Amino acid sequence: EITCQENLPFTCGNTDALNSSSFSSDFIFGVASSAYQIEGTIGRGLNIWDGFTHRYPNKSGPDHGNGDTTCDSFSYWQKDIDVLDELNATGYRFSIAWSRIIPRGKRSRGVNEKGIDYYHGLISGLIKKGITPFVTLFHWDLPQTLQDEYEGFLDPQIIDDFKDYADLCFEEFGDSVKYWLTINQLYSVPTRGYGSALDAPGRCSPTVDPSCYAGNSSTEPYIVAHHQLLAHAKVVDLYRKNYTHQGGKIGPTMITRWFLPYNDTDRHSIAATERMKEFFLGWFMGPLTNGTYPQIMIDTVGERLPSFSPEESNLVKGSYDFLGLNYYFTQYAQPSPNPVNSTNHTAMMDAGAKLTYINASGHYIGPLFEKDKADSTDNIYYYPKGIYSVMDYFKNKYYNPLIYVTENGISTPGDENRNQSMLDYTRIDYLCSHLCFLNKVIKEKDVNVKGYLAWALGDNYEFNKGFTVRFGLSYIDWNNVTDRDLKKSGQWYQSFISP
């Protein structure tokens, strides 16, 4: 019988108690990263994250930091492989920058051979060290030209352009890459990029944020989500029909969260909690497992929710060999009004729920995850059991899928000096507490999880936060980004992997 801790202090950092041997022999352990966050603009075209961070510096981060140079993995990709080698990692998730291999967006306009070579070298180097690549085709960095031509994912033209880009990737790298991720965190771009405008492209309704250049927070998130599903499905169909000879697997990446009732004895809070599961997870998992959106969304969103044609529904349903599940935290849910007529209405309000990290009785869900200096009441707290609950939910609600945890990590303040940043015991606690519960859910619920990739191989540009927070298991000096030194967490993970 496995027992896991939910509150501080944690003792899972002791590799004698918890290590890789606790998992199945073939279980993959590694770290993850994304192109915009680690490469730099050198050698590639411009994408919407370059556009967004430059047009709206205040939105790029409190420090106005962006991905211009960041950790310079373009030049130091070998250093990334060295970190993985040091960790004895068996997996590494990275993304291909669409702007690096097809700077002009549309494949017919030509490809960047040097960009293709960049990834060939990285992939070859990973395989030579016994590291299995998990490659994300689209980690939000859409070529700026496509956003300017037809507003990217807001238009159906994105489907064919994304398909042509994915085809190039399968053609060029598919002989070595056997695990593909289509779109990173399906829920994110529609809501943050077209709803709240916290992320690129930065579209929203005029009254939601006057800085948005255009948009409609009430309708656009649904249009974008719909196109993401169609684009994703078209790519999976292409992969399974034209690249089955490569013997690989492909799937979408879902940002997952668990939800608990703000008040567990209040039917309204309980209902809000179930609505959240449908609006947050079901929005994409419904189409992916059934070819239709959840009924609660159909009823609530009405005319603003696009419909799938029979052909599209068939294309989207079952469009995955596995699911890349990102998990960070859990929230309490309570009812909230949905003012559809208000000029400031957003798609996110449709769930009819308010989210918090503190319940009705004043209980904080778990240890501190992220401290918000602007407002103490806006701090994020984590919940280790959430990963158990999410995995259990996916197995029982979504037809026992093959799962790879594609992201799981925690940040530490950017204000900390080198020594403080290196002594990241809070990261060891976060990672081990989640790994404990992951091992527990695999054994108790028989969830088909076959890999775990911790977020951020090293410190990089963090979307919306610039360099004010660090997520890496390896430290990076911004005055000399060459080195990738394992922090205490990286050293612990090394021991966890090879006890």
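From 1 onward, residues are counted along the sequence shown.
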Ranked by mean Cα B-factor in the entry, 28 to 36 and 439 to 447, top stretch is 439 to 447
Per the PDB entry, mean CA B-factor is higher for 366 to 374 or 334 to 342, namely for 366 to 374
Top Cα B-factor in this entry, restricted to 95, 426, 205, 314, sits on 314
Reading the B-factor column for Cα atoms of 284, 258, 382, 74, the highest value belongs to 74
Here the Cα B-factor of residue 233, set against its chain, lands in the third termed middle
Chain thirds by Cα B factor, record data; residue 122 belongs to the middle
Of the three thirds of the chain ranked by Cα temperature factor, residue 422 occupies the highest
Sorting the chain's modelled residues by C-alpha B-factor and splitting them into thirds places residue 262 in the middle
For residue 200, the third of its chain by CA B-factor is the lowest
